Amino acid sequence: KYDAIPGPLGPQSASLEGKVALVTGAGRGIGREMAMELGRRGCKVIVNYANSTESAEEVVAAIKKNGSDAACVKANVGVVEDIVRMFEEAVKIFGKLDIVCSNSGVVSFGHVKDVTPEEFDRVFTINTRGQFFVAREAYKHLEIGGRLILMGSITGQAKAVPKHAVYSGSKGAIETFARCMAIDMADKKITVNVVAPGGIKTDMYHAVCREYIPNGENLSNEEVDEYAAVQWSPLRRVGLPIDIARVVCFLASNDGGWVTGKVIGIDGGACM
Amino acid sequence: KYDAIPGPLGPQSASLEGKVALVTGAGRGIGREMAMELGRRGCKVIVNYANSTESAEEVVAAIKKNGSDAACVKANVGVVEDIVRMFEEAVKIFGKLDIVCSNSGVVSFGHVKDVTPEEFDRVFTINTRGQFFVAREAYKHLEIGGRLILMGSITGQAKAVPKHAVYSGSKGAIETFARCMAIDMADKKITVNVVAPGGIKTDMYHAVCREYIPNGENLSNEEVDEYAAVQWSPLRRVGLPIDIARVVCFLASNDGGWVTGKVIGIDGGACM
Amino acid sequence: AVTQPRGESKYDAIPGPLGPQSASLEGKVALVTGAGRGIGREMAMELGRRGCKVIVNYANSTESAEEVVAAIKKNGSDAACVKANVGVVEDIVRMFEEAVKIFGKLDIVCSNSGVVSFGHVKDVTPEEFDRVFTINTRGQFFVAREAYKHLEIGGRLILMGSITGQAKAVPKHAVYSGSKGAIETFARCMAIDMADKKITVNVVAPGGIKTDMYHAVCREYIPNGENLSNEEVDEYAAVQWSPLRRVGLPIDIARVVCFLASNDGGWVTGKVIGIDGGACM
Amino acid sequence: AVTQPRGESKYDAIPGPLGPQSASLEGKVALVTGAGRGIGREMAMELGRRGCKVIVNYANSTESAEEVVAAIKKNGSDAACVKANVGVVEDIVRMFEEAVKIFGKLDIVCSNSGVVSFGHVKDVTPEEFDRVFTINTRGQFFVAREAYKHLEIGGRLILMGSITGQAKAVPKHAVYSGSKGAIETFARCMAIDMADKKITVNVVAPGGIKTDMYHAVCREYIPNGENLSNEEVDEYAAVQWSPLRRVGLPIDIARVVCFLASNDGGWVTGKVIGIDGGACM
Ligand SMILES: NC(=O)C1=CN([C@@H]2O[C@H](COP(=O)(O)OP(=O)(O)OC[C@H]3O[C@@H](n4cnc5c(N)ncnc54)[C@H](OP(=O)(O)O)[C@@H]3O)[C@@H](O)[C@H]2O)C=CC1
Ligand SMILES: NC(=O)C1=CN([C@@H]2O[C@H](COP(=O)(O)OP(=O)(O)OC[C@H]3O[C@@H](n4cnc5c(N)ncnc54)[C@H](OP(=O)(O)O)[C@@H]3O)[C@@H](O)[C@H]2O)C=CC1
Ligand SMILES: NC(=O)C1=CN([C@@H]2O[C@H](COP(=O)(O)OP(=O)(O)OC[C@H]3O[C@@H](n4cnc5c(N)ncnc54)[C@H](OP(=O)(O)O)[C@@H]3O)[C@@H](O)[C@H]2O)C=CC1
Ligand SMILES: NC(=O)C1=CN([C@@H]2O[C@H](COP(=O)(O)OP(=O)(O)OC[C@H]3O[C@@H](n4cnc5c(N)ncnc54)[C@H](OP(=O)(O)O)[C@@H]3O)[C@@H](O)[C@H]2O)C=CC1
Ligand SMILES: O=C1CCc2cccc3c2N1CC3
Ligand SMILES: O=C1CCc2cccc3c2N1CC3
Ligand SMILES: O=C1CCc2cccc3c2N1CC3
Ligand SMILES: O=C1CCc2cccc3c2N1CC3
């Protein structure tokens, strides 16, 4: 019985046709591209957002235009009650849930000496606690054989980024969550993995990329990209949202069936 | 220029149509399935073998039957001259090389006190040195934007397998090779990664699976599979060659473009 | 080509003494959180035996904390206890202010206080998640913050992680494991910032260690271990979790902490030190 | 429910002495490969200072080896040099037999000998690969094998790795890095086997350390570093590779080796200990 092949042989194993995915914080940035790409691959997508209402509506319309159904659901991951409600709403929209991408997140910088309890809590509540409860509700609502992909960062393991303990720590915790949740969620045949991107061009990158660059405060946007391209990748280019979306789709497919409890680094070979 | 999208948006990014791949030790086991699956996804495949002539010929025929071209080439990876010859022959057969899967390998068990220089050398010459020179020749012959996938094992990082220092060490070195080669080979835009499978049902698994099981010398083949399924995976099943082939195809496609210098564990969440 | 042969420069200066004196903690002052019992208690005891004056922090175990202080004094060192709950930042701030007043300085800070929890991810409540993270992660973070502010230049900060931070086979453990996993990242990041005061920051990651905590939940780490006797539990821990065939003890951890706290640990910073007798979990 | 409260059992026995004596190496015998110079020389020197009688192995540096032996004796401990090339298994076997004849027993073995190499993967020849792997990997493996056979019950085996085993940004370094990365796996796997004689097996992973090797190739780790003066190279190493802002020294590694070799390292086995001042390479 253990000789049975799981899923189809050939390219069909990469297909996401007919699947239903939910992506947190899909109104913009990496989450937006995850939504777009899952859609291009045949998924109906639930676009979650907390603040970016108009942007979320635009993503939903873009997904439909590409040939897949989509809908948006407002929910703040810092509020568990919101997460619970979002999932209940989500399953009524398309009738089921096959894939959940926990992507929502915020960044923070500051020397450990200057960190306040309020800032620590702000970051942990969204990045760690928020992902945990999105994971909890995903387990309850996911189809047998489903998928849960959490959002980490190269910072979980990075050794040279100063004034970054809070954000880095909020992300490192996700790697442990993946290993432990992969055990529990396997009782519904759900795989649990964490993607760990390097710097990726989004609103977050624009806001804080210079903080990762010694003496980079006065660099132009052009110099910033040149630095990210040369310093963080032997491939000599900047990371883009699609670079992450592609890996998420692999994990979400039958091709990622034997990949569970893992951290997948997607940083172009960066050393940080 | 840093805003340019690398490759196609959508499912086409997972396509291997028109690519040419070379797989070492493709006459049987994991290498055979890699060759078969790469062929199913559109690759013309060079089926390398060292001893399994008839099996290699069967794989080539099956690939052609499935709709793709293939050819087998003999080469013992323990002889660098053989590796050099194989790559020269490969490019003559198909004109180019896009993907190289360094798969060939041998297993070994023995308490450290009993390991002989001959056994150590036998294992390292094939598993470590062999992979290193297959990688060197791959770099020389690969198309710009090519792919190199090396074969590691859960043993590179495993913490409870006794009498296994030689084999485990030969595989652990591969993880470092992936990180270092990713830097060098990036000058030709080639990504370099290592897949690390847990136990997979093959001839190798049949020969030594019991060695990974305390007091498993007398277990029936049925009990061995049951042990592997329950002990090594929360998903409760045994790993199969297709589980690995699928991940190799992902890495070999445009979807794996930003994944370089990484170790991808494919063990169903095993703890060993 | 730069042909000049190697030369002794300013970077050739030896940090600290050569020989066994490099392992000495004589004259140092250490603060250990949750030192009234368990691993924290042994850290305090051993640090005391090696010459440190110790600040024994406790949150509830008042009597045990007084016992530890008395034992350290009896052994030949000075000690004092300070009550503070790490789930309250104001308590941590006050603890450190009182601490430096006691002996005049702080050389070593061992962030040890913690709580354990088990539960399938599906059953975890926000209150339980918060209970664990507030003590194990947030608590250690602010103990670290205050430690940085009060520590002598060249000081030492040792955080308490666990084998669970990296463990792959413990079911129903994501909350506790995640709270400890975050500590490994903190060690790497804090080692950078705190180096501006020449302070090293590392995290010790113990496997199972015989304490009140181990007593309470060791069976949770053992498949079908609910009905195992205390003796059977120890035998299991000894054989299953260590090729060395014995159970981990508080002294096993305290010894490594003393190494990191000494001059011998000067070049070890931003690291995770596993102390589990070679366990695979 | 098992209601019997925690009590002492056979597994509660304290391994070794409580207090500072646990760090003592007094009366121990240690063997260090490649101890005529560099890191190996300092391991031998420091081990000697802490009370060990030392077997100083060398392959070529005869005079240097003799100087180390004389210095250890002058410092108060006995020592003797033994010539053996780790690329020849027969030499290794002979070296261990001679070592036990000299001092009667062997408590600690430090596998330190190594060579470095640089080259883009495209240019690496089988001879170069074999040259590096025969000494750094195969050599260390057979030194470990013989060490297991001759070491005292409760002994110590410390292998020499490098930050390169895990490094992510050093170009043209696959061969050397790989030869060192294999050592980390060896530590995990040998810790299991060797535990049958209560021997702990660990690997130390240094960052750049000022020695003849560092002097020879440090510029290779520095982009556009070919024309930097010796002073400039040290300044770069100090600032780029450590938040602590100084260069790593042989004594930095020797101290950690002494800790691992002592009773304090008793519960530390199958581990990789990074000693690089918090470097990111
Ligand atoms: N960009 C980079 O370089 C990297 C990013 N990451 C991680 O990837 C994820 C996305 O990053 P990126 O796209 O750059 O981020 P942006 O800052 O561009 O936006 C991120 C998303 O997080 C959402 N979000 C924030 N708070 C909440 C909340 N309370 N509830 C629900 N959703 C929320 C935002 O939605 P809204 O508009 O509605 O507020 C937005 O959709 C994050 O978790 C980030 O930490 C990891 C590595 C690198
Ligand atoms: N099965 C498992 O559980 C796991 C396997 N792996 C690794 O995956 C790879 C394949 O494993 P698996 O299929 O199980 O192995 P098998 O033993 O079934 O077959 C292995 C392959 O290695 C080839 N090979 C052996 N020696 C040479 C040589 N000198 N030159 C060229 N090719 C050679 C063999 O070809 P030929 O017949 O022609 O000699 C064969 O094709 C190996 O590297 C293995 O270590 C890693 C983790 C787990
Ligand atoms: N035992 C084991 O096997 C392992 C333990 N660890 C970690 O080591 C540390 C100590 O474990 P162990 O000694 O076994 O634990 P115990 O349960 O025996 O007691 C731990 C200590 O934590 C203290 N503490 C708890 N909450 C607080 C608080 N809010 N404020 C201040 N102090 C507090 C307790 O003091 P009080 O009585 O005053 O409340 C007690 O002194 C923990 O962080 C634990 O997670 C890691 C790996 C293994
Ligand atoms: N210096 C650094 O920055 C770092 C060094 N390391 C590792 O630490 C170890 C020592 O480095 P370092 O002291 O700088 O090296 P050096 O080049 O200064 O000398 C190293 C030692 O290796 C010995 N050796 C070389 N070949 C053999 C052989 N075939 N048989 C026996 N002994 C041999 C040499 O002895 P002889 O003179 O007799 O030939 C010498 O004693 C090496 O394994 C190295 O890879 C790791 C990280 C960093
Ligand atoms: O999480 C990371 C990791 C690395 C990195 C480099 C540049 C800019 C940004 C990042 N982020 C968020 C924004
Ligand atoms: O390399 C590994 C890892 C794990 C494992 C489990 C069972 C059988 C076999 C393995 N192998 C080879 C054969
Ligand atoms: O944190 C850990 C890791 C391993 C372990 C094994 C047994 C008992 C206990 C543990 N703990 C806490 C109590
Ligand atoms: O092995 C390593 C790692 C790092 C490093 C930095 C500088 C100089 C040298 C090293 N070596 C050998 C010589």
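Here the Cβ is made from the backbone with ideal geometry for all residues, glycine too, and neighbour counts use every protein chain on show. Values quoted throughout were computed directly from the atomic coordinates according to the rules given, and no laboratory measurement underlies them.
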Residue pairs within 6 Å by beta carbon, gap of at least six or interchain, first lying in the range A:183-202 and within 8 Å of another protein chain (Cβ to nearest Cβ) and closer than 21 Å to B:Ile266 by Cβ, second in a helix (DSSP H, G or I) and more than 16 Å from ligand 6 (Cβ to nearest atom), listed first then second, are A:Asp184/C:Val121; A:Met185/A:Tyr139
Residue set C:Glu63, C:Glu97; condition in a helix (DSSP H, G or I), surrounded by fewer than 16 Cβ atoms within 10 Å (Cβ to Cβ) and touching a helix residue (DSSP H, G or I) at 6+ places or on another chain (Cβ under 9 Å); output residue C:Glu97
Filtering the range C:119-131 down to residues that are surrounded by fewer than 22 Cβ atoms within 10 Å (Cβ to Cβ) and either more than 7 Å from chain A (Cβ to nearest Cβ) or more than 29 Å from A:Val112 (Cβ to Cβ) (or both) yields C:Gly119, C:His120, C:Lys122, C:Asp123, C:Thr125, C:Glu127, C:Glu128, C:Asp130, C:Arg131
Picked from the range B:227-272 (must be of a type in the set (S, T, N, Q) and touching a residue at least 60 places away in the same chain (Cβ under 8 Å)), the residue nearest to the other protein chains (Cβ to nearest Cβ) is B:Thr260
Of (1) out of contact with any helix residue (DSSP H, G or I) (no Cβ under 7 Å at 6 or more places or on another chain); (2) free of Cβ contacts under 8 Å to residues at least 40 places away in the same chain; (3) more than 26 Å from D:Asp130 (Cβ to Cβ), B:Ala70 fails just (1)
Among (1) closer than 26 Å to B:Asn215 by Cα; (2) within 16 Å of ligand 4 (Cβ to nearest atom), B:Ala173 falls short only on (1)
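For the range C:178-211, which positions are hydroxyl-bearing (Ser, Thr, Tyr) and buried (at least 24 other Cβ atoms within 10 Å of the Cβ)?
Initially, the range C:178-211 is screened for residues hydroxyl-bearing (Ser, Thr, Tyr), giving C:179, C:185, C:200, C:211.
If the condition is that a residue be hydroxyl-bearing (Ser, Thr, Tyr) and buried (at least 24 other Cβ atoms within 10 Å of the Cβ), then C:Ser179, C:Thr185, C:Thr200 are the ones that fit.
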Sole miss for A:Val23 among (1) over 22 Å from A:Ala182 (Cβ atoms); (2) surrounded by 22 or more Cβ atoms within 10 Å (Cβ to Cβ) is condition (1)
Looking across the range C:10-40 at residues that are more than 13 Å from chain D (Cβ to nearest Cβ) and not in a loop (DSSP other than H, G, I, E, B), the single one that is surrounded by the most Cβ atoms within 10 Å (Cβ to Cβ) is C:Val32
Sole miss for A:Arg129 among (1) surrounded by fewer than 18 Cβ atoms within 10 Å (Cβ to Cβ); (2) over 25 Å from A:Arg41 (Cα atoms); (3) more than 16 Å from ligand 5 (Cβ to nearest atom) is condition (1)
Output for Cβ contacts, cut-off 8 Å, separation at least six or different chains, first residue within 24 Å of A:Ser102 (Cβ to Cβ) in the range A:1-30, second within 16 Å of ligand 5 (Cβ to nearest atom) and among the acidic types (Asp, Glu), reads A:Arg28/A:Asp203; A:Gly29/A:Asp203
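Condition test on C:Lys149, is it more than 23 Å from A:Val79 (Cβ to Cβ), part of a loop (DSSP other than H, G, I, E, B) and within 7 Å of chain A (Cβ to nearest Cβ)? Even if it seems obvious, please write down each step before you answer.
Values: more than 23 Å from A:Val79 (Cβ to Cβ): yes; part of a loop (DSSP other than H, G, I, E, B): no; within 7 Å of chain A (Cβ to nearest Cβ): yes.
It is false that C:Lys149 is more than 23 Å from A:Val79 (Cβ to Cβ), part of a loop (DSSP other than H, G, I, E, B) and within 7 Å of chain A (Cβ to nearest Cβ).
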Of A:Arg147, A:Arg129, the only residue that is of a type outside the set (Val, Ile, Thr), in contact with a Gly (Cβ under 9 Å, 6 or more places away or on another chain) and more than 11 Å from chain C (Cβ to nearest Cβ) is A:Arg147
Scanning the range B:215-268 residue by residue, those surrounded by fewer than 20 Cβ atoms within 10 Å (Cβ to Cβ) and small (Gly, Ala, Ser) turn out to be B:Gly216, B:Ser220, B:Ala229
* Determine whether C:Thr164 is surrounded by 24 or more Cβ atoms within 10 Å (Cβ to Cβ), in a helix (DSSP H, G or I) and free of Cβ contacts under 8 Å to residues at least 12 places away in the same chain. => no
When you check A:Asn215 against the structure, is it away from ligand 4 (no atom under 16 Å from the Cβ), on the phi > 0 side of the Ramachandran plot and of a type outside the set (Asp, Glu), yes or no? yes
Selection over the range B:42-55 where residues are within 17 Å of the chain's Cα centre (by Cα) and of a type outside the set (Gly, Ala, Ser) yields a count of 6
Of the listed residues (A:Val208, A:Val259, A:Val248, A:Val230), the one being out of contact with any helix residue (DSSP H, G or I) (no Cβ under 6 Å at 6 or more places or on another chain), farther than 20 Å from A:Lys163 by Cβ, among the aliphatic types (A, V, I, L, M) and assigned to a helix (DSSP H, G or I) is A:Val230
Taking the range A:169-210 and keeping residues buried (at least 24 other Cβ atoms within 10 Å of the Cβ), away from ligand 7 (no atom under 16 Å from the Cβ) and polar (S, T, N, Q) leaves A:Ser170, A:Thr191, A:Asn193
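Looking only at helices (runs of 4 or more DSSP H) that lie completely in the range D:182-281, which have at least 2 residues being more than 7 Å from every other protein chain (Cβ to nearest Cβ), without any contact (Cβ under 8 Å) to a residue 24 or more places away in the chain and away from ligand 2 (no atom under 16 Å from the Cβ)? Explain how you work it out, then say what you get.
Details: elements: D:212-217, D:230-240, D:250-261.
Here the list reads D:230-240.
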Within the range B:138-152, of all residues that are in contact with an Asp or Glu (Cβ under 9 Å, 6 or more places away or on another chain) and farther than 18 Å from B:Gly257 by Cβ, the one surrounded by the most Cβ atoms within 10 Å (Cβ to Cβ) is B:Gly152
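Kindly indicate the residue of the range D:141-159 that is in contact (Cβ under 8 Å) with a residue 60 or more places away in the chain and under 18 Å from D:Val89 (Cβ atoms) and also surrounded by the most Cβ atoms within 10 Å (Cβ to Cβ) among those meeting that condition. Walk me through it before giving the result.
Filtering the range D:141-159 for residues in contact (Cβ under 8 Å) with a residue 60 or more places away in the chain gives D:143, D:147, D:156, D:158.
Checking the rest, the ones that are also under 18 Å from D:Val89 (Cβ atoms) come to D:143, D:147.
Details: D:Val143: 27, D:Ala147: 30.
Across the range D:141-159, the extreme among qualifying residues is D:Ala147.
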